Structures are given as structure tokens and as C-alpha cells.
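In C-alpha cells, one chain follows: the form deposited in one PDB entry.
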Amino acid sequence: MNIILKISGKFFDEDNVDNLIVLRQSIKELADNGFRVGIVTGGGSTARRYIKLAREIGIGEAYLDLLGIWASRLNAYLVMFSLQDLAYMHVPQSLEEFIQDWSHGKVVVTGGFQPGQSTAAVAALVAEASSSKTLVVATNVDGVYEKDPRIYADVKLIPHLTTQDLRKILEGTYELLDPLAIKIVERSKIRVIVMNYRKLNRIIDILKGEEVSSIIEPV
């Protein structure tokens, strides 16, 4: 079926050929398992770096967001140019445009759409519009934690939880599933799989629940 893959921005800040090489194989691996793949790429450091520079000279919040969006699109193009042929050569700039590009039956790579949200929201929207039952959020963490492994000791990894639990835990910045994202995944009952992009090579396993991952169930 259809599946949306949200690649965290950090993924591009790293500068190591192996990242793209592996993401590319996994996009193929997912393909050879009868999977249509949509990919959303975040802005990463390029985004933050420009948002800061822009903010420094007083650029309004709306425009700071656009800069982050454009930065996320630059990453989108990078992913796409390595997916060449395999992907539809256009980076939709709105959900409506995505819906169109998705018609062509190839992989579609997206960046941001609108100010006031994050690529997480985009991933949700795109997942909903593409009838994807699963939204994989590949980030630099292994999964979801009750508090924060960085600041609290032995906060064991929650391999399963609902949009309710994730709400209490979370109870241009973000989260991982900002408000709009959660709202969308819930109304369209899309399950979110948080995993480490280091394991994109074991995505097929992740999807069928055989590897370190956190699955958020809609409720």
C-alpha cells in the first residue's frame, strides 16, 4: 500500500555519503515490497541557520517560516535528484500540488507547505491525502520517551502508545508531531512509527514490527 516517510532534518546536516546511499536503497527496498512511497524532508540546520540570520535583521515570523520551508525543499530536491527517474521530478509546494504529483505513480518528495507548522504536519497531511495508513517518522532518536533520555535517567523506551499518551508527553520549533500532525493522524487514523534513520536499512522489518521502533496508535 501507500506509505509516507518523514526524514528528519538532522539527516542532512550529517555529511556522510552513507546516509543518502542507504535511504536510496531503502526507498527501493520499500518499492520491491509493493509500496508507493511519499517522502517529506525537513529543513535541518540549513533551515535553522537561515531562520536565525533572517531573524537577526528583523524578518517577520511568516517569512522566517518560508525560509525554513525553502530550506526543507532544497533537501527535498537533493533526495529527489538521487531518486532520479524513480521519483516524479517535481517538489509540490502545497497539499493540492502533492495530490496532483502523486497521480503520476512515482515517488514524490516534499518539503514544507505553509507557515505555522512543521514538516511533521506536512507528512501527516500528505499521508492522509495519499491514503497512507502508516506514517514513518525517521529521526535521530530510537523512538518515544516518557520524558527525555537526555535529561532524565533510565526513561525506558515506549514501544507502543496512543495519540493520547503522546499528547501527555508533549504536554520555528516543533515536537515530532506538532498539533496539526496529531489532529490529522487521529481523524484519519494513521499510525505513526517513530524510528532511527540509521535503521532505514531495516525499514521492511520495522513496518511489520520486528525492530527497535515506537508505534503510536491513533485514538
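Note that residue numbering begins at 1 and tracks the sequence as displayed. Rigid core (definition): largest C-alpha set, two forms, superposition within 1.5 Å.
The modelled chain breaks after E171 and resumes at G172, leaving 4 to 9 residues of the deposited sequence without coordinates.
The question of which stretch, 188 to 196 or 173 to 181, has the higher mean Cα B factor is settled in favour of 173 to 181. Once the C-alpha B-factors are averaged per stretch, 161 to 169 and 60 to 68 rank with 161 to 169 first. Highest C-alpha temperature factor among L83, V136, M89, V141 per the entry: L83.
Among the modelled residues of its chain, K52 has a C-alpha B-factor that falls in the middle third according to the deposited record. Ranked within its chain, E146 lands in the highest third, by CA B factor from the PDB record.
What comes next is about the form deposited in another entry, which does not appear here.
Core-based superposition between the shown form and the other one shows that, of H160, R187, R150, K52, only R150 has its Cα displaced by 2 Å or more.
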